[PDB]
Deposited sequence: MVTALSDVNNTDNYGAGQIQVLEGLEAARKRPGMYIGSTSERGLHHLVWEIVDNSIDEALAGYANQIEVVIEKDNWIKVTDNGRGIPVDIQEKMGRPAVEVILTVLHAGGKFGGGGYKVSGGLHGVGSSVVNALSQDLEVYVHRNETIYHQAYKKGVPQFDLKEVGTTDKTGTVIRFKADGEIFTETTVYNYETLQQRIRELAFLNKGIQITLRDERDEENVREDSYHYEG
């Protein structure tokens, strides 16, 4: 839990620009995972005001249904229990390494939401609207405490990895939007069929 917070290098490599951009990598790899299972074909990575990150896929939505073994909803589990769903480190490390984190699962024509602070859930999963679409949405502001030196994302850095991933995993459409400045909005959509 706090192991990722105490040993960040031992979990994301660097606590500099490399580690900051790596937070965006672990959340996107989660969407690529869902996409290679044949459920999502669209990923969107937005750099929002005050260097927040918003990752959106058109997947089935992280299961919201209670884990009959932990009692907590499945979405709360992957985001809170370290390394959950594997052995690529986990969306939970991106959680513990963020001062603020939000989750919006679109499933059962409804929006399930929950928010975290340094991994810690601020409240229990609540339903906050109805929806036509299915998928997951993650917003995070990397913790100012851990990422000493830089918290501002390099667009060209994100562009390069997104362009590569789109090409490796063909069929997937990954989009990058820079919204940090309302007056000049940047966008690059990557979709290779071959």
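- The deposited chain is incompletely modelled, with C-alpha atoms absent over 1-24, 112-124.
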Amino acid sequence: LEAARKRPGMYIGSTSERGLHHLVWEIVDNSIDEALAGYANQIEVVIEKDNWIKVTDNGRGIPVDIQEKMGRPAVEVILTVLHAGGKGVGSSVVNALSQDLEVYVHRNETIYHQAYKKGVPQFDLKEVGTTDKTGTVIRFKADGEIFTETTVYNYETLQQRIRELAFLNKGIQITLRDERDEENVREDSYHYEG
From here on, numbers count along this sequence of modelled residues.
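- Between 160-168 and 141-149, the higher mean Cα B-factor belongs to 141-149.
- Looking at 66-74 and 25-33 together, the entry lists the larger mean B-factor for 66-74, computed on C-alpha atoms.
- For residue 103, the recorded CA B-factor ranks within the lowest third of the chain. Only modelled residues enter the ranking.
- Ranked by Cα temperature factor within the chain, residue 175 sits in the lowest third according to the deposited record.
- Annotation for residue 84: CA B-factor lies in the highest third of the chain's modelled residues.
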